Amino acid sequence: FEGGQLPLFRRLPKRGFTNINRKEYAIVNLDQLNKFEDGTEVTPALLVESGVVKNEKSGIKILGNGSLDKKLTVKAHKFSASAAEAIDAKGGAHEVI
Amino acid sequence: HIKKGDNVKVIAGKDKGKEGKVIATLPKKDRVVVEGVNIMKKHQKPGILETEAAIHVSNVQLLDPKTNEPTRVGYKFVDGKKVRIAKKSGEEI
Amino acid sequence: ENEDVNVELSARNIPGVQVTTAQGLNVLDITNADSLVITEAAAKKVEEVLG
Amino acid sequence: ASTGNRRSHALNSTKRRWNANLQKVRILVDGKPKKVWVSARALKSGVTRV
RNA sequence: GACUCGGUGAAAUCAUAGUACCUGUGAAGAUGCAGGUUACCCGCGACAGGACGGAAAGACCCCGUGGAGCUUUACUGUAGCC
RNA sequence: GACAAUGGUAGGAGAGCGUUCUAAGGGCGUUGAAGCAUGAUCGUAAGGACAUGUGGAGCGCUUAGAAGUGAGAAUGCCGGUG
RNA sequence: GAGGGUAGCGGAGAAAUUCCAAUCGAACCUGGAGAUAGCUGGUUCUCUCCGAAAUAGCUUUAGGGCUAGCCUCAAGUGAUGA
RNA sequence: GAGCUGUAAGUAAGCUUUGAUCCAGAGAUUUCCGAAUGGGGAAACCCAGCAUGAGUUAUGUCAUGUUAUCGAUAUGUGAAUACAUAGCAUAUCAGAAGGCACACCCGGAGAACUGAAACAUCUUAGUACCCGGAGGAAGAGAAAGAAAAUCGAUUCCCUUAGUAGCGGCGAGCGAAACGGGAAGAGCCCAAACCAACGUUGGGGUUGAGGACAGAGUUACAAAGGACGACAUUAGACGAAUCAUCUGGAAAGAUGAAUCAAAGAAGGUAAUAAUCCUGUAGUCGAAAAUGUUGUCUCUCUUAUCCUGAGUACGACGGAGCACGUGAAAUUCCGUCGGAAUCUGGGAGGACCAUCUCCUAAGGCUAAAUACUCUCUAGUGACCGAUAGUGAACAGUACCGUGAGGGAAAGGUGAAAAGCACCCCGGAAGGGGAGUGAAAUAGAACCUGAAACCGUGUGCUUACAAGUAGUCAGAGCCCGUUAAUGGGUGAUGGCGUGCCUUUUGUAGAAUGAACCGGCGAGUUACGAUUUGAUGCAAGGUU
Ligand SMILES: [K+]
Ligand SMILES: [K+]
Ligand SMILES: [K+]
Ligand SMILES: [K+]
Ligand SMILES: [K+]
Ligand SMILES: [Mg+2]
Ligand SMILES: [Mg+2]
Ligand SMILES: [Mg+2]
Ligand SMILES: [Mg+2]
Ligand SMILES: [Mg+2]
Ligand SMILES: [Mg+2]
Ligand SMILES: [Mg+2]
Ligand SMILES: [Mg+2]
Ligand SMILES: [Mg+2]
Ligand SMILES: [Mg+2]
Ligand SMILES: [Mg+2]
Ligand SMILES: [Mg+2]
Ligand SMILES: [Mg+2]
Ligand SMILES: [Mg+2]
Ligand SMILES: [Mg+2]
Ligand SMILES: [Mg+2]
Ligand SMILES: [Mg+2]
Ligand SMILES: [Mg+2]
Ligand SMILES: [Mg+2]
Ligand SMILES: [Mg+2]
Ligand SMILES: [Mg+2]
Ligand SMILES: [Mg+2]
Ligand SMILES: [Mg+2]
Ligand SMILES: [Mg+2]
Ligand SMILES: [Mg+2]
Ligand SMILES: [Mg+2]
Ligand SMILES: [Mg+2]
Ligand SMILES: [Mg+2]
Ligand SMILES: [Mg+2]
Ligand SMILES: [Mg+2]
Ligand SMILES: [Mg+2]
Ligand SMILES: [Mg+2]
Ligand SMILES: [Mg+2]
Ligand SMILES: [Mg+2]
Ligand SMILES: [Mg+2]
Ligand SMILES: [Mg+2]
Ligand SMILES: [Mg+2]
Ligand SMILES: [Mg+2]
Ligand SMILES: [Mg+2]
Ligand SMILES: [Mg+2]
Ligand SMILES: [Mg+2]
Ligand SMILES: [Mg+2]
Ligand SMILES: [Mg+2]
């Protein structure tokens, strides 16, 4: 309340809408992928078990922050272009599942 | 456990160590009246009359028929009827 | 180690003595006591559970 | 009779009732004719007029 | 009635009070501050100038986006009538 | 040890006093507890002791915990008495 | 005079806002209920350090409020202050 | 298992070991009013009719039974009116009535102050109040569901989440599904079609099924028995301490012992594990209520149909978190009004496809809600202005009435409650006695302050004052022994406190005085800081 002056949240306009079908992913970066040893197959179940991912959300997306330094077979729902390129260029492989 | 006519010893009060016969009992007050114990010296308006006043029953104790020692009271069921037995010796009262 | 009824019944009337089990240990009881008398099995269980 | 609201253009509300369309009709109850109040919907959805 | 004596015996009020006047000062009208002036201690009958005396959180006046009764071609409704 | 600072309303910050209850520890008490009264006592303050008298059965201290925790004003409420 | 009747969004009124159980522009009792009160009053121990404002803007706003200004506490920066 | 005739004294008369008073179960009696019910009535009263029976020559009077209204059942009399019906009598039954803690629950009906800094939509709130109906719970409940990989009745708890959304898009209002838990349970009809007289039995109960071609009195059907066991409603047993000291009294102090499945707690002349009542433990029921078992006991082994004035629609409303909105879903009034497994409904307007389901019949325990009650217990809850309004009361008192509504606890361990003497009519005192103590003497523990008195060490009748403070002789005392205490001639300075104000000695506010009571609290969220634990993890 501003003593009768029009409040800020009445003088400003409403904006946008909420998407009812919005998808949000649990994100894993390459520096988090460093935790596993070479040759390991990474799955959402493995990620939740080892504790990297706490809540699965709409799926698991691999992102390209940090440096991987390991050779892994990463099975996830989504990969960023940089994450896929780094996984493939470190000797490993990735698959969208 | 204390009954009229019983021989008791006073174990607390001015008359501690005295012995005397139980004149009367008062179960609602948990008190007893003992001969020669707790004289009161009341002013009577028809002189000064000396009479015993009641004392709390827990201030007197039964005496053992064998060793004469003051004893607490237990119970047994001799011939069906409940009977009193001294805790000191084990003999009936 | 566990609920020992005869030990508990023997000890429960002495002033200042208190009897508990391994799982029953608590800070109030332990700190209030001046000494702990523990059986070997109870001590092993305490080590096992508190790690 | 049911109860609800009369609403104005400004949406002011006052309590009001909705009454059944009762019509006094000669009806055979228990095998003996009598004039009872029965709704028109009930009459269309065959009491039994005598 | 008041007044004196015998009997009985309230009340409103009340920050504590050993409670003067003048001219001044001051929230601009002072028992209580200044400078003077006057005044031995304690009652009783009287008078009403002051204690902005007592009494009732001013009725006047204004203010509150207070209340209530009343009016109408104020607004929105509505019993009822067509 | 030698320099500096320390008027204060609304208000911010800090440190403490005291009251009742609880826990643990350690104590006092019919050879007289609490309470009450008096005194020429002690601490920078809130406040703390001691002695005597009264009283006649409960009560301090330490640390921590918890609050119905401190009254002089509300034309406050009740009681007592002017 | 006796026995009765009319009841508060109502009665009654030879009409005065008149009467309805000692105050009627809408009786009394209980409840919603601790209505609401931007108003008045009140708000209880101590010491220590700092210490304002009575202005601007907007406000059915003008003895209210909000943001800024001015106070305080704590972290930072560091010459940017006088 | 010895006292007893309530509280409750006091005498009087009695009762009780041939078992009283008392306690528990079961019976008997149970005046009148009150729904109140034979009629009336200003409750606790008045007046009656029938039948039976005392009594009286007879009447008067008396005792028992019965007689309300609306209802059921079945016998008559029976209108206008032919028959009948309505109506009127009788006989039998006893179904309803009224009350509550009616707290919790379901339903009908339903505000306003208030918030929105005005106010009307909205909010307060489907709340208060009123009315009706019940139960130990009620309500809901066995998918025309949730959904989008599938689940599988209902309810409640956590979370989702102050999210999605609703909203003069203001103030505010505000889900659900998923997931995690408590609990867990499923069934009966209508209809197709058979056999007996449309009504009865069989048939059947669904997401495709049906027709056709061992279970139970807790729903699922309803009555008993036999016996057992357990529980409640009285009770019983139950270990162990003596001495001295101070004291009126010992449980306290000291010494030396003892018991403990008992060191809970009360009481006892001060503070007791061993004095008492008890406690740990153990035992106990003639009778009545309950719970629960085994045996018994019975019950049982797509031709057709599938809920019609329905679903649904229009209008007007309401309930859904959702204010008519793109508003699905549910309900009411008015009016219209389908289809029939090649069917019907839902998946948030609607269409199509797909997916799920199968309305218009009913029943159903448990997990949940509450406390006037009862039993057993608990408290960093009160301790007589507190705690219930009420420790001795819905009383006294106030009001026509609805209704409002207090004040008031404490002798002592034991009444030992003051024999007797003296003044006094008494009241009240002084002695003497009781008592540890009477300034513990009932108006009784302690006994503060205001306030009222008596005595007097210093001082005061020439003095102008917020009463003190600083200086200071004189006089009187002598301490928590301190460069002391009381008083005070005289001199200097000096207009109370609070509140509210630019500014108050203010002639602005408030307080007669004293005492008690009397105001930032708690819950759930947010944020920030300090502390602590762990750390790419932390935490339920
Ligand atoms: K500000
Ligand atoms: K209801
Ligand atoms: K307002
Ligand atoms: K049939
Ligand atoms: K509609
Ligand atoms: Mg004259
Ligand atoms: Mg006179
Ligand atoms: Mg001045
Ligand atoms: Mg002037
Ligand atoms: Mg003057
Ligand atoms: Mg002067
Ligand atoms: Mg005079
Ligand atoms: Mg005046
Ligand atoms: Mg005024
Ligand atoms: Mg200075
Ligand atoms: Mg200062
Ligand atoms: Mg502060
Ligand atoms: Mg502090
Ligand atoms: Mg303190
Ligand atoms: Mg307080
Ligand atoms: Mg006052
Ligand atoms: Mg008038
Ligand atoms: Mg006029
Ligand atoms: Mg008139
Ligand atoms: Mg009048
Ligand atoms: Mg309200
Ligand atoms: Mg109020
Ligand atoms: Mg300063
Ligand atoms: Mg009658
Ligand atoms: Mg009647
Ligand atoms: Mg009831
Ligand atoms: Mg408003
Ligand atoms: Mg014993
Ligand atoms: Mg539909
Ligand atoms: Mg169907
Ligand atoms: Mg008292
Ligand atoms: Mg009281
Ligand atoms: Mg005394
Ligand atoms: Mg006294
Ligand atoms: Mg002189
Ligand atoms: Mg002179
Ligand atoms: Mg002066
Ligand atoms: Mg002014
Ligand atoms: Mg004055
Ligand atoms: Mg004023
Ligand atoms: Mg005044
Ligand atoms: Mg006062
Ligand atoms: Mg606050």
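Values below: every heavy atom of this structure, side chains too, minus hydrogens, waters and symmetry copies. Naming: A, B, ... by sequence-line order, numbering from 1 per chain.
- Within the shown strands, nothing qualifies as a pairing partner of H:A321 under the Watson-Crick or G-U definition with both distances less than 3.5 Å.
- Taking atom CG on A:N21 and atom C1' on H:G348, their separation rounds to 14 Å, with Å as the unit.
- Note: NZ (B:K16) to P (H:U268) measures 19 Å, nearest angstrom.
- For the pair B:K82 and B:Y75, the distance from NZ or CZ to the six-membered ring centre is under 6.0 Å and the angle to the ring normal is within 45 degrees.
- If you check H:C237, G:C58, E:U78 against the side chain of A:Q5, the one that comes closest is G:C58.
- With distances taken from any side-chain atom of B:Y75 to the nucleotides H:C275, H:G238, E:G77, the minimum falls on H:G238.
- Distances shorter than 4.0 Å separate none of the side-chain N or O atoms of C:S10 from OP1 or OP2 on H:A261.
- In this structure, the nucleotide among H:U324, H:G316, H:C312 sitting nearest to the side chain of D:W18 is H:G316.
- For the pair A:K35 (side chain) and A:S50 (backbone), a donor-acceptor distance under 3.5 Å is present.
- Using a 4.0 Å cut-off, some side-chain N or O of B:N59 falls inside it from OP1 or OP2 of H:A269.
- Heavy-atom distances to RNA chain H give each of D:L22 and A:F9 a nearest nucleotide, and the one nearer the 5′ end belongs to A:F9.
- Atoms CG (C:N6) and P (H:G281) sit 14 Å apart, rounded to a whole Å.
- Between A:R11 and H:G170, a side-chain N or O to OP1/OP2 separation shorter than 4.0 Å is absent.
- Taking side-chain N and O atoms only, B:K42 has no distance below 4.0 Å to OP1 or OP2 of H:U434.
- H:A489 and H:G474: their P atoms are spaced 15 Å apart (whole Å).
- Side-chain to base pairing of D:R16 with E:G77: no donor and acceptor N or O lie closer than 3.5 Å to each other.
- Contact of B:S58 with H:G267 (side chain to base): a donor-acceptor pair of N or O atoms is detected under 3.5 Å.
- Taking 3.5 Å as the limit, the base of H:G170 and the side chain of A:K14 contain no donor-acceptor pair of atoms between them.
- Side-chain proximity of A:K54 to H:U539, H:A117, H:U121: nearest is H:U539.
- What separates CG of C:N13 from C1' of H:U279 is a distance of 10 Å, to the nearest Å.
- The separation of H:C193 from H:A213, taken at their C1' atoms, amounts to 13 Å, rounded to a whole angstrom.
- The pairing partner recorded for F:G82 is E:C14, the criterion being a Watson-Crick or G-U wobble arrangement whose two distances lie under 3.5 angstrom.
- Base pairing annotation: H:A236 forms a Watson-Crick or G-U wobble pair with H:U282, both donor-acceptor distances under 3.5 Å.
- Checked against H:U268, H:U324, H:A416, the side chain of B:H56 finds its nearest nucleotide in H:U268.
- Nearest nucleotide to the D:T14 side chain, out of H:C312, H:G333, E:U78: E:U78.
- Comparing the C1' positions of F:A73 and H:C498 gives a spacing of 6 Å, expressed to the nearest Å.
- The six-membered base rings of G:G11 and G:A12 sit with centres under 5.5 Å apart and planes under 30 degrees, so these neighbours stack.
- Of the candidates H:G165, H:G433, H:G337, H:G433 carries the atom nearest the B:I48 side chain, counting heavy atoms from C-beta on.
- Without both a ring-centre distance below 5.5 Å and an interplanar angle below 30°, H:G168 is not stacked on H:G167.
- For the OP1/OP2 pair of H:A239 and a distance below 4.0 Å, the side-chain nitrogens and oxygens of B:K87 include at least one atom meeting the criterion.
- Within the 3.5 Å criterion, the main-chain N or O of A:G66 finds no donor-acceptor partner in the side chain of A:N29.
- Pair check for H:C15 finds H:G3; Watson-Crick or G-U wobble, both atom distances under 3.5 Å.
- Screening A:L33, A:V42, A:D38 for a side-chain contact (heavy atoms from CB on, under 4.5 Å) involving A:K70 leaves a single residue, A:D38.
- Taking atom CG of B:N38 as the reference point, atom P of H:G248 lies 16 Å away to the nearest angstrom.
- No hydrogens or angles were tested; on distance alone, nothing pairs the side chain of D:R7 with the base of E:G77 as donor and acceptor under 3.5 Å.
- Of the two residues near RNA chain H, A:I20 and D:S13, the one whose nearest nucleotide lies more 5' is D:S13.
- Heavy atoms of A:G3 sit under 4.0 angstrom from at least one base atom.
- A:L72 and A:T40 make their closest contact through CD2-O, 3.4 Å (heavy atoms, listed as atom of the first residue, atom of the second, distance).
- The base of H:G247 is not paired with the side chain of B:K14 by any donor and acceptor separated by under 3.5 Å.
- When both distances must be under 3.5 Å, the Watson-Crick or G-U wobble mate of H:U205 does not exist.
- Taking only side-chain atoms of D:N12, from C-beta outward, the nucleotide of H:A414, H:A117, E:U76 with the closest atom is E:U76.
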field: side-chain hydrogen bond (donor to acceptor under 3.5 Å, both in side chains) between A:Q32 and A:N34, worked out
entry: CA-CA 5 Å; A:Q32 290 171 298; A:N34 300 353; over 6 Å; no

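- Taking only side-chain nitrogens and oxygens, B:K3 comes nearer than 4.0 Å to OP1 or OP2 of H:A2.
- Closest to the side chain of D:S8, from the set H:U121, E:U78, H:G337, is E:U78.
- The side chain of C:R12 sits closest to H:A280 out of H:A120, H:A280, H:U241.
- Between the side chains of C:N26 and C:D29, at least one donor N or O sits under 3.5 Å from an acceptor N or O.
- One can place CD of B:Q61 at 12 Å from P of H:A251, the figure rounded to the nearest angstrom.
- Only the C1' atoms considered, H:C444 is 25 Å distant from H:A450, to the nearest whole Å.
- Of the side-chain N and O atoms in B:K82, one or more sit less than 4.0 angstrom from OP1 or OP2 of H:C237.
- Between H:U155 and H:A177, the distance separating the two P atoms is 9 Å to the nearest Å.
- Look at CD on A:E2: it is 9 Å from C1' on G:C58, rounded to the nearest Å.
- If you check E:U38 for Watson-Crick or wobble pairing at under 3.5 angstrom, you find it has no partner at all.
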| request: Check the pair B:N7, B:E19 against side-chain hydrogen bond (donor to acceptor under 3.5 Å, both in side chains), reporting the backbone distance first and the verdict last. | output: CA-CA 7 Å; B:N7 216 42; B:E19 279 148 74; 4.8 Å; no

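- A salt bridge links A:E2 to A:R11: at least one charged side-chain nitrogen sits closer than 4.0 Å to a carboxylate oxygen.
- Rounded to whole angstrom, the span from the CG atom of C:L28 across to the P atom of F:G25 amounts to 12 Å.
- Regarding contacts with the backbone of H:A240, a side-chain N or O of B:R72 is found under 4.0 angstrom from either OP1 or OP2.
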